[PDB]
Amino acid sequence: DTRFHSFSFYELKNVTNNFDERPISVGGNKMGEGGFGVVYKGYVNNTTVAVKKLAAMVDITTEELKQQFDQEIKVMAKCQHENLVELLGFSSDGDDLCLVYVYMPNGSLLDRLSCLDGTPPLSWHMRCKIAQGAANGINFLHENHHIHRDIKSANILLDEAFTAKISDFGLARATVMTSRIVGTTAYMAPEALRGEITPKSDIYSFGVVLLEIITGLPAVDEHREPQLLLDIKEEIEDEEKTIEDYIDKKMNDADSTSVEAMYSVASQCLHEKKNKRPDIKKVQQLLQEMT
Amino acid sequence: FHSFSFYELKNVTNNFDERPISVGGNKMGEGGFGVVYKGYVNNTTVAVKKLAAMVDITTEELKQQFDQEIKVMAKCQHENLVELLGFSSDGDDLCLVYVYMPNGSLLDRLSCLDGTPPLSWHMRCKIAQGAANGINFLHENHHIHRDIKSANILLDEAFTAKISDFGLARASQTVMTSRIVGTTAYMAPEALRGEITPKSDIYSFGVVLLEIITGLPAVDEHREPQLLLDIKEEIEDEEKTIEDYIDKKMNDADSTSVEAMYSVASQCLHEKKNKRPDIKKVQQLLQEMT
Amino acid sequence: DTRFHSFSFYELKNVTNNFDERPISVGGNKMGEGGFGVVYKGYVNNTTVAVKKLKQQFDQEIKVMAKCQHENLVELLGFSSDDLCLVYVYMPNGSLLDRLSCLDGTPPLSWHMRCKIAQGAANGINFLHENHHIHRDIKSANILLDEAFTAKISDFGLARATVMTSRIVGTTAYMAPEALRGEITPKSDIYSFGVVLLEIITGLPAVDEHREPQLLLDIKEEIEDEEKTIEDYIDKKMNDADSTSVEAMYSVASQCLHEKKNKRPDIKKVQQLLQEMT
Amino acid sequence: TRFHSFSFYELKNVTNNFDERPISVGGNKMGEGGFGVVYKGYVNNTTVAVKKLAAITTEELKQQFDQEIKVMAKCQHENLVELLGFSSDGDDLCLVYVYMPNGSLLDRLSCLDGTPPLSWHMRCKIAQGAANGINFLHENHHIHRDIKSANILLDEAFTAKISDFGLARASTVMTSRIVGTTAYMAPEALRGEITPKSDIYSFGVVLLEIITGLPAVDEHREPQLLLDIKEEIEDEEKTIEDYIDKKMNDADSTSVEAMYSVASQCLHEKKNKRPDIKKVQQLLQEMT
Ligand SMILES: CC(C)(O)[C@H](F)CN1Cc2cc(NC(=O)c3cnn4cccnc34)c(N3CCOCC3)cc2C1=O
Ligand SMILES: CC(C)(O)[C@H](F)CN1Cc2cc(NC(=O)c3cnn4cccnc34)c(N3CCOCC3)cc2C1=O
Ligand SMILES: CC(C)(O)[C@H](F)CN1Cc2cc(NC(=O)c3cnn4cccnc34)c(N3CCOCC3)cc2C1=O
Ligand SMILES: CC(C)(O)[C@H](F)CN1Cc2cc(NC(=O)c3cnn4cccnc34)c(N3CCOCC3)cc2C1=O
């Protein structure tokens with residue numbers, strides 16, 4: 001189990017231009033945000049890093065944010081894999097709790113699918129590699145008895161070779177129930193919205209991610225019919241649509257056979273009955289057979 | 001223009017090969033009056049449109065549109081207009097042959113069809129300028145286009161905008177027609193009533209400018225609002241801002257020039273045709289924007 | 001417009017941002033120069049114009065440009081004498097010389113566009129010769145291109161209404177042997193047009209001090225003495241050239257470049273040959 | 001790693017039996033290099049580039065094929081070409097890659113086939129991307145030995161991809177068989193030594209090609225070697241402004257001077273006075 005480097009809060013402040021909140025495109029250091037903090041670009045010990053300065057951006061407490069900080073370090077100390085983000089160190093000495101990670105040059109899958117800031121669209125070849133890599137990451141977590149609990153495309157990061165790296169382990173748990181229902185509702189399994197804690201919920205959320213990969217559509221869009229991307233499964237099932245109607249137009253290399261194979265995995269992951277969903281090993285196998 | 005035999009164009013296009021060019025076929029796209037294919041004629045890359053009534057028009061109307069397109073192209077040459085090279089009319093088939101546009105349509109570049117990189121704000125400004133220059137040329141030369149839409153604004157190797165599709169064009173006192181033809185999502189209210197006026201080209205150009213700002217198609221059945229022109233009323237009623245709709249697939253869009261393009265779009269979209277700017281005013285406003 | 005406009009020097013100073021010498025590509029007003037003046041971009045009455053800030057050649061240019069109005073000649077719109085200025089209709093695509101060099105990032109001209117430009121330039125020379133005028137300075141810097149890439153012949157300061165002269169004028173790299181010796185004849189305009197045709201085929205300027213051979217017209221000899229072929233020199237910046245029409249244009253250029261002025265085609269034959277080419 | 005083994009028969013189907021007509025007229029040939037001819041094709045709906053290797057001796061060529069596969073198995077990066085597969089059946093050797101829609105940097109700088117001149121903004125991004133690719137190779141202890149603009153490929157968005165790893169070496173050593181393209185080679189590489197410092201020198205020549213739009217060598221030009229403009233500028237007989245590519249309209253003087261300073265540093269006659277690739281990346285990052 002990994003022992004991590006302790007960074008001085010002031011060194012992190014220095015290397016992020018005092019946690020410069022302007023976007024990196026403008027000339028600032030802000031890379032993005034999530035429900036549990038703001039991520040900044042840093043340059044420490046001769047290397048570009050990602051610095052997450054923790055902050056309750058969702059309806060959670062100071063103590064809950066501290067328990068998630070501790071949980072994230074514990075998960076990162078136990079879990080190292082080609083398809084998981086790597087923690088370099090942390091800071092707990094100064095004004096705010098910080099986590100320092102190996103920099104992900106291509107940001108999140110969510111942003112690459114939306115082509116945020118004008119980045120070029122991901123090819124079908126790249127999308128297949130990403131789906132396989134994300135499934136491999138989840139498989140490693142599940143094999144090592146960890147439940148992610150927050151699988152979403154904003155938490156699947158992309159490195160210098162567009163290798164998928166699962167991130168955000170603050171809610172991870174190493175069938176039981178909870179009184180604090182947490183997560184992004186557009187991705188959550190029905191049993192997760194009720195408070196159940198199970199690896200089968202990670203599978204369902206991964207099915208939503210696969211629909212995002214196929215369609216390039218966000219999981220929720222208030223101004224779209226259906227508002228929830230997971231509802232396209234019923235549209236296709238009740239023959240009012242085909243996956244061809246929803247395929248992202250921003251690729252030139254997709255083929256109907258492998259797109260239908262990825263859709264079939266997603267459809268299976270999205271079974272409303274948790275016990276009827278494939279386990280991650282079956283997901284991995286089906287995605288390997290796809291290519 | 002070169003008069004080809006239909007069989008020569010069958011050879012050029014690999015028998016109008018229906019597979020997309022993206023996978024080594026010849027098909028490039030379709031429209032209301034035919035399907036366009038890629039080909040090579042004497043080492044020149046060309047676009048070949050094989051005419052077909054794909055919308056509700058007669059075969060006699062299609063032949064009239066073919067004759068009209070050739071007439072307009074014989075009279076009108078300008079860097080912001082497509083260039084016709086030839087045609088075929090032998091037998092029961094009609095084809096038009098054009099200089100190939102390596103970047104296809106603005107509609108497809110805005111949707112990043114086939115995985116093309118999203119257009120920068122700087123490029124979008126030059127394309128809006130070029131398209132206005134093309135419409136100005138047509139109006140200066142007493143022609144009403146009647147089919148202004150982003151599928152009809154093509155882009156060459158340097159993203160120079162080229163107005164295309166002249167089959168419905170009319171020589172230009174507002175006249176009326178009994179045959180209402182066009183793409184509903186871009187049409188001015190008076191055009192939907194059958195009026196023929198260059199003021200309607202301005203309106204349709206306003207819709208194009210909203211597509212340029214937002215990256216959204218003029219119509220989407222599974223979207224609220226279904227019609228992109230409806231965002232003007234949303235912004236006017238203050239329930240939304242242009243910032244809420246700006247294309248997020250660019251990082252070089254300054255608030256000032258975006259608001260300046262939106263103001264030209266808003267003016268073009270005036271419900272009352274006589275209150276819209278003319279194309280010369282649209283040109284000067286887009287020139288002042290940059 | 002239907003009239004020539006007499007402009008005050010103050011108005012032309014104003015519309016050119018005080019004859020701003022910085023090139024237009026950087027935000028100034030300078031568009032080009034060489035020979036008898038600097039040309040600036042101006043904006044008069046919501047219209048872009050070209051303003052040439054420069055005496056005999058000034059009066060001659062106004063005189064010849066008022067008499068010679070044709071679709072393939074540049075259009076004079078006004079003047080200023082109260083520095084001497086000539087005001088012309090703006091040519092949005094600048095010179096053929098600059099478009100062949102892709103100056104300022106413009107895309108290479110296609111072979112199709114190059115054929116249309118060659119035809120247009122020959123039609124302009126035909127109008128001048130039909131109207132008993134000798135250009136005397138035919139070169140790609142003097143072939144301008146409008147908003148439709150229509151060829152417009154420019155620079156009429158040296159133009160003349162076979163005689164010999166004491167003042168040998170013109171651009172050396174384009175000049176016929178007899179023109180270099182003082183002869184004033186339209187047959188020399190044909191020779192210079194042949195050099196332009198080699199520039200169009202090859203995309204190479206007539207002279208390049210940092211190139212071997214420095215002079216483009218020598219290529220005719222390299223090809224004739226079978227040391228090279230027209231294929232070795234075809235501009236690689238085109239994707240639509242075909243061997244047949246390139247050989248046809250080269251043949252016209254070779255005929256234009258006959259060392260013996262009487263063996264050269266006249267402008268009407270040049271027009272006919274370029275018409276048969278396409 | 002997992003590279004797909006194609007039969008030569010499948011690759012004939014992919015390339016229309018290696019159709020030698022150029023792609024600009026509807027054929028499959030895209031260009032040649034010192035070790036093979038590259039063809040366009042499709043594997044299902046995927047556009048690919050297929051290099052059919054051709055002569056050096058057959059064993060030397062086979063070694064280069066083997067070395068290419070090993071480098072590609074170990075090195076995956078957005079600024080490196082991506083190998084999809086190969087064919088090694090019979091007496092034919094093919095390498096199959098992800099297609100690069102904008103071809104080579106050398107061809108885009110020359111505007112081959114009528115492509116528009118690259119803007120200064122695009123040239124800056126390409127220089128940075130190419131430096132990122134070289135950095136990744138050097139971090140992975142590989143010396144390229146053949147850095148040149150013909151080996152810097154460009155995708156649909158003009159992302160720079162380093163290619164051709166047949167001559168790459170693992171990591172100062174000396175060699176009897178001197179390989180590379182003379183116009184790009186460091187003096188020490190011309191004397192036979194193998195060092196990643198020579199990759200830096202070659203990259204400096206590429207930077208001069210990006211600034212000027214001129215090929216590294218032109219037998220019908222004065223000076224013949226582009227690297228010689230450095231001395232002309234040093235001895236004040238020419239300026240950076242004199243050599244800036246005139247086919248650009250968006251080139252600001254400050255960042256052109258910043259790229260030229262990087263190029264000059266890379267071209268240091270003394271191998272040990274040259275910046276390493278991390279310093280080149282930092283300098284190029286500061287330039288924008
Ligand atoms: C192609 C491009 C436009 O130039 C590039 F896209 C710019 N970048 C880099 C980047 C890194 C991130 N992150 C990291 O490098 C990172 C490393 N470990 N880690 C752990 C948790 C969160 N983020 C990270 C995040 N994250 C922000 C927070 O949400 C997730 C994405 C975003 C971005 C971004 O936009
Ligand atoms: C992805 C890419 C490589 O970057 C590029 F996008 C591929 N291309 C080229 C292209 C040319 C077109 N067309 C022409 O070349 C053309 C020339 N004159 N003309 C006149 C009418 C219609 N089309 C044309 C059309 N048109 C098809 C019909 O609808 C309009 C767009 C579409 C495309 C296309 O997708
Ligand atoms: C596509 C583009 C890059 O944006 C464009 F190329 C910019 N422009 C416009 C332009 C007009 C010129 N000229 C005219 O408009 C003009 C009109 N009549 N006239 C008569 C003599 C000289 N010039 C002219 C000249 N000339 C300057 C003098 O030398 C010849 C070229 C140069 C340029 C130029 O670079
Ligand atoms: C004009 C245009 C439409 O804009 C475009 F330019 C056309 N294209 C595409 C292209 C791809 C290449 N290559 C590849 O796609 C490629 C992919 N991996 N790879 C690895 C080694 C060599 N080539 C490749 C090469 N290469 C040929 C061999 O020399 C290097 C350049 C050249 C070209 C070319 O001219």
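Lettering follows sequence order; numbering is per chain, from 1. These numbers come from the heavy atoms of this one structure, side chains and all, not from hydrogens, waters or symmetry mates. Atoms within each ligand, like the ligands themselves, are counted from 1 in listed order.
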A:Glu160 and A:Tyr103: side chain donor to acceptor below 3.5 Å: no
Any donor-acceptor pair under 3.5 Å from A:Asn83 side chain to A:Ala164 backbone: yes
Test item: C:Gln60 side-chain N/O and C:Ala159 main-chain N/O as donor-acceptor pair under 3.5 Å: yes
B:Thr160 side-chain N/O to B:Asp156 backbone N/O, donor-acceptor pair under 3.5 Å: no
N/O to N/O under 3.5 Å, ligand 1 against protein:
residue	atom	partner	partner atom	Å
ligand 1	15 (O)	A:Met104	N	2.8

Salt-bridge criterion met for D:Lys247 and C:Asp98 (N-O under 4.0 Å): no
Check: D:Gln128/D:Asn132 side-chain N/O donor and acceptor closer than 3.5 Å: yes
